[PDB]
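Chemist: If you scroll down you'll find the structure; I have some questions about it.
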Amino acid sequence: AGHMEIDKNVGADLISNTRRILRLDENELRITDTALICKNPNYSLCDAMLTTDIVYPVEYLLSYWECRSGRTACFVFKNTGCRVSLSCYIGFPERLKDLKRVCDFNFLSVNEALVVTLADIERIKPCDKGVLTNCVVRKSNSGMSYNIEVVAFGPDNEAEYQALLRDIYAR
Numbered sequence: 001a002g003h004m005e006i007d008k009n010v011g012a013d014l015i016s017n018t019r020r021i022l023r024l025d026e027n028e029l030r031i032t033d034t035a036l037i038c039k040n041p042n043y044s045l046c047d048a049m050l051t052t053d054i055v056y057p058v059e060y061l062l063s064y065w066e067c068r069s070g071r072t073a074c075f076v077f078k079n080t081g082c083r084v085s086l087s088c089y090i091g092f093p094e095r096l097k098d099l100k101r102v103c104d105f106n107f108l109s110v111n112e113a114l115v116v117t118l119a120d121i122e123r124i125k126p127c128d129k130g131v132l133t134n135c136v137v138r139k140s141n142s143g144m145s146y147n148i149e150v151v152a153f154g155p156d157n158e159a160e161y162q163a164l165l166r167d168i169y170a171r
């Protein structure tokens with residue numbers, strides 16, 4: 001009830017998926033409202049806060065997001081002190097002018113911003129109704145850095161696909 005709007009079960013479903021495929025708990029995913037998302041001033045979603053040395057088949061989550069009520073979001077990944085987060089916009093972001101995109105592995109700065117969506121994956125590879133894009137983050141303090149990877153596959157990611165069903169449909 002405020003300057004973001006999600007329906008009672010819809011955020012709870014997307015937040016449930018977010019803790020379940022990051023394989024962390026509901027008090028270990030950090031959620032945030034207006035202060036990072038308010039540049040669409042009445043609607044958005046929230047932010048989700050993420051751990052080091054962790055992988056997910058990221059496009060399984062993009063797919064679940066857009067399929068839930070017929071409305072799409074960009075995942076805007078905002079790197080800050082120690083944490084990765086993804087700031088989730090059903091929305092219009094302020095830093096979209098100067099934040100980045102990747103498909104590769106690279107070093108990434110401690111106060112940085114980056115969008116990854118179905119339109120961005122479509123610029124950087126021919127997309128398909130079968131993509132499993134894959135994403136991997138580390139924090140470091142000894143290097144005062146992030147270490148970021150995201151890579152684009154079709155159904156060839158069949159091993160990680162099976163391993164994820166073998167965790168998340170096996171809780």
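So for the sequence shown, the deposited numbering puts the first residue at 1; every next one is plus one.
Just so it is clear, CB atoms sit at the ideal spot from N, CA and C, and this is done for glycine as well.
#1: Could you pull out every unbroken beta strand (DSSP E) segment of at least 3 residues lying fully inside the stretch 15-78, listed in chain order?
#2: Buried or exposed: which applies to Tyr-169, given that a residue is buried once 16 or more other Cβ atoms fall within 10 Å of its Cβ?
#3: Which residues in the same chain as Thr-80 place their Cβ atom closer than 8 Å to its Cβ, once the five residues preceding and following it in sequence are excluded?
#4: Taking only three categories from DSSP, how would you classify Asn-157?
#5: Using a Cβ-Cβ cut-off of 6 Å (strictly less than) and excluding sequence neighbours within five positions of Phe-92, which residues of its own chain qualify?
#6: Taking only the alpha-carbon atoms, compute the straight-line gap between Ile-90 and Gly-130 and give it to the nearest angstrom.
#7: Suppose you measure from the CA of residue 230 to the CA of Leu-22; what does that come to, to the nearest Å?
#8: Give the DSSP-derived three-state secondary structure of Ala-119 in the structure shown.
#9: Measure the C-alpha to C-alpha separation of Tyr-56 and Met-144 and round it to an integer number of angstroms.
#10: Using DSSP's beta-bridge definition, name the partner residues of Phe-107.
#11: Less than 8 Å separating the beta-carbons of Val-137 and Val-102?
#12: Since I believe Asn-134 is in contact with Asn-106 (beta carbons under 8 Å), could you give me their beta-carbon distance rounded to a whole number of angstroms?
Modeler: In brief:
#1: Within the stretch 15-78, the runs of beta strand (DSSP E) at least 3 residues long that lie entirely inside it are, in chain order, 30-32, 46-50 and 54-56.
#2: Per the 10 Å Cβ criterion, exposed.
#3: Contacts found: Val-110 and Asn-111.
#4: In the three-state reduction of the DSSP assignment, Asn-157 falls in the helix class.
#5: The beta carbon of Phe-92 sits closer than 6 Å to the beta carbons of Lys-39 and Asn-40 from its chain, once the five residues preceding and following it are set aside; these are given in chain order.
#6: It is roughly 23 Å from the alpha-carbon of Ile-90 to the alpha-carbon of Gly-130.
#7: The first residue shown for the chain is 1 and the last is 171, placing residue 230 beyond what the model contains.
#8: Residue state, collapsed to three classes: helix.
#9: If you take the alpha carbons of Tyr-56 and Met-144, they lie about 24 Å apart.
#10: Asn-147, per the DSSP bridge assignment.
#11: Cβ distance not < 8 Å, so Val-137 and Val-102 don't count as in contact.
#12: Their Cβ separation, rounded to whole angstroms, is 15 Å, which puts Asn-106 and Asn-134 out of contact at 8 Å.
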